[PDB]
Amino acid sequence: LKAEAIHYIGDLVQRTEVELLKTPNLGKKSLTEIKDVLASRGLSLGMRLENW
DNA sequence: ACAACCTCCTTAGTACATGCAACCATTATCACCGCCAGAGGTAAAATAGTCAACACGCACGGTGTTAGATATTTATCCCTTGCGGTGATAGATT
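Per UniProt numbering, the first sequence starts with residue 270, numbered consecutively.
As structure tokens, then:
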């Protein structure tokens, strides 16, 4: 996720899960961690917004 | 007084425009050598220091194990092909 340059979770909140399969060494387990570590904050994945 | 005129006198004022390629030498010529400057040298001590000793202490990298990812294999699914049936187009008219 450092190689994939996602240095603000403000965009990890809205990048598609298929669009994280865009740099190698990022496979079936790391792609699966995302699915609740964002929720653990009191947040979610999948939250596009009209101003950022 | 002078005036310019006849002749060949010499003087010397000019010689259109746009562009690209190349490289930068020849001279000889005693600078003497004497003096001494601050001024080169270096010994011994200021402005301060080396790196070897014995300690100190840490980082980094490679060997080992683990992790998980990925590219393969498999198999599923959809979007696409090509033909066909027959579509309301293109556009002439109302």
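In this text, a Cβ means the ideal position worked out from N, Cα and C, and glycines have one as well.
| Asked | Found |
| --- | --- |
| Distance between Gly296 and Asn320 (C-alpha atoms, nearest Å) | 31 Å |
| Reference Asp305; option with closest CA among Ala274, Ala272 and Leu281 | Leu281 |
| Three-state class that DSSP yields for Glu302 in the structure shown | helix |
| Other residues of its chain near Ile303: CB distance less than 8 Å, five sequence neighbours each side excluded | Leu281, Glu286, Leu289 and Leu314 |
| CA-to-CA distance, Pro293 to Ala308, given in whole angstroms | 24 Å |
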